[PDB]
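Residue strings, one per chain:
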Amino acid sequence: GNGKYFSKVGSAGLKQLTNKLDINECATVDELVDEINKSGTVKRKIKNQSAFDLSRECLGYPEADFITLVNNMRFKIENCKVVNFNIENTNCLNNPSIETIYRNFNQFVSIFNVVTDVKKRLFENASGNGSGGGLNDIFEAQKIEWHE
């Protein structure tokens, strides 16, 4: 899928969502959204969480170090999305943890652009008083020994 809504993805960013949302692998934000809106628990993750954190999670990004990195950087936002990112002070990222986040930061922006598109599709103008539906919220699947 051509990164129009998203960017720097190519199923790469989406897969990190599908990873943390535990949904199936998706082709576009629409497909990524497809699983989310179908899984009110997952949509609920979107709902409860902030996009910045949403995408951060997909990297396993440590929250403090991530917040620290972003604290030393400067961004170019485009339609609530990260189109460009750059750091202003790299000395602070010198901590392995920050460098970890910074080096792979391209992942986060990709994922973030995805996440941002998700919330824009579901929660924003699409009956944005509570999304389309949220019935299967209480009908969450508690699969015993889900994890391998």
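Caption draft 1: Structural context of the packing of aromatic side chains. Tallied over the entire structure, the rule returns 12 aromatic pairs. Three or more aromatic residues joined by ring pairs form one cluster here, namely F52, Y61, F66, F75, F85, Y102, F105, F108 and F112. A cation over a ring is seen here: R121 above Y5, with NZ or CZ 5.2 Å from the ring centre.

Caption draft 2: Summary view of helix α4 (residues 51-58). Those residues of α4 that fall on the buried side of the exposure criterion are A51, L54, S55, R56 and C58. Next to the buried residues of α4 lie α1 (12-21), α3 (40-48), α5 (63-71) and α7 (105-124).

Caption draft 3: Looking closely at unusual backbone geometry. Its identity is not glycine, yet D22 carries a phi of approximately 60 degrees, on the positive side. Considering the arrangement of structural elements, one finds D22 in the loop between α1 and α2 (29-38). Notably, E145 is not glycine yet its phi reads approximately 50 degrees, a positive angle. Position of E145 among the secondary structure elements: in the segment after α7. Look at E145 and you get exposed, because its relative accessible area is 70%.

Caption draft 4: Structural view of the layout of surface pockets. The computed volume of the largest pocket comes to approximately 520 Å³. In this structure, the largest pocket is lined by 18 residues; those nearest its centre are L21, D22, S39, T41 and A141. Within the residue set of the lining of the largest pocket, elements represented by two or more residues are α1, α2 and α3. Broken down by element, the residue count for the lining of the largest pocket peaks at three residues, all from α3.

Procedures and definitions
- Residues numbered from 1 in each chain as written, not as in the entry; some residues may be left out.
- Heavy atoms only, no water.
- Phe/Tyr/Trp six-rings, centres within 6.5 Å; stacked < 30°, edge-to-face > 60°.
- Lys NZ or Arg CZ within 6 Å of the ring centre and 35° of its normal.
- Buried < 20%, exposed > 50% of the residue type's maximum accessible area, 1.4 Å probe, protein only.
- Helix = DSSP H or I, 4+ residues; strand = E, 2+ residues; numbered from the N terminus.
- Contact = heavy atoms within 4.5 Å.
- 1 Å grid on protein atoms, 1.4 Å probe; cavity = no way out; pocket = protein on both sides within 12 Å on 5 of 7 lines; lining within 4 Å.
- Points joined across faces, edges and corners; volume = space filled by probe spheres on them.

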